[PDB]
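> Here it is, the structure, as structure tokens.
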Amino acid sequence: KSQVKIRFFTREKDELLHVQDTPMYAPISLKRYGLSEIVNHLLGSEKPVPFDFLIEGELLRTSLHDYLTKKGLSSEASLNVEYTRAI
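Under the entry's author numbering, residue 91 is the last one in the sequence shown; the count climbs by one each step, no gaps.
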């Protein structure tokens, strides 16, 4: 119940901001800051880039947990998580 499967993608044109399609598990407690830590690690960022995250176009304003609860989904859901340079 503590983890949820996520896959990252971006519409950013900058190739250096592109991560692989690969799925991974994330704690449901994570919010924008934790998720940005994951993406910047995957990118091997020199200096960390501030990211915002969207799920099916809705800005992620709190935790993955809160999103799942709002949508009536269990953490057995697989989430398609968009990232963008911070708004």
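From the three backbone atoms N, C-alpha and C, an ideal C-beta is built for every residue, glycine too.
Does DSSP classify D70 as helix, strand or coil?
Locating residue 70 in the sequence shown gives position 66, counting from the first residue. It is helical.
> Compare the C-alpha of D25 against each of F13, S33 and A81 and name the closest.
Numbered from 1 along the sequence shown, position 21 holds the residue referred to as residue 25. Ranking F13, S33 and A81 by Cα distance to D25 puts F13 first.
> Taking the beta carbon of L63 as the centre, do at least 16 other beta carbons fall within 10 Å, making it buried, or is it exposed?
Here residue 63 corresponds to residue number 59 of the sequence shown, with the count starting at 1. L63 should be labelled exposed.
> Could you pull the start and end residues of the beta strand (DSSP E) that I42 belongs to?
Translated into the one-based positions of the sequence shown, residue 42 becomes position 38. Careful: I42 lies outside any beta strand (DSSP E), inside the alpha helix (DSSP H) at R36 to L47.
> Distance, Cα to Cα, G48 vs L68?
Here residue 48 refers to the residue found at position 44 of the sequence shown. Here residue 68 refers to the residue found at position 64 of the sequence shown. Each residue's Cα considered, the two are about 24 Å apart.
> Measure the CB-CB distance between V43 and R89 and report whether it falls below 8 Å.
Locating residue 43 in the sequence shown gives position 39, counting from the first residue. Locating residue 89 in the sequence shown gives position 85, counting from the first residue. Result no, Cβ atoms of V43 and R89 do not sit closer than 8 Å.
> Look up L21 in the DSSP assignment and say whether it is helix, strand or coil.
For the purposes of this step, residue 21 is taken as residue 17 along the sequence shown, with counting starting at 1. Helix, per DSSP.
> Looking at the strands, I want to know which residues DSSP matches up with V8.
Taking the first residue of the sequence shown as position 1, residue 8 is located at position 4. DSSP, once it has assigned bridges, lists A30 as partnering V8.
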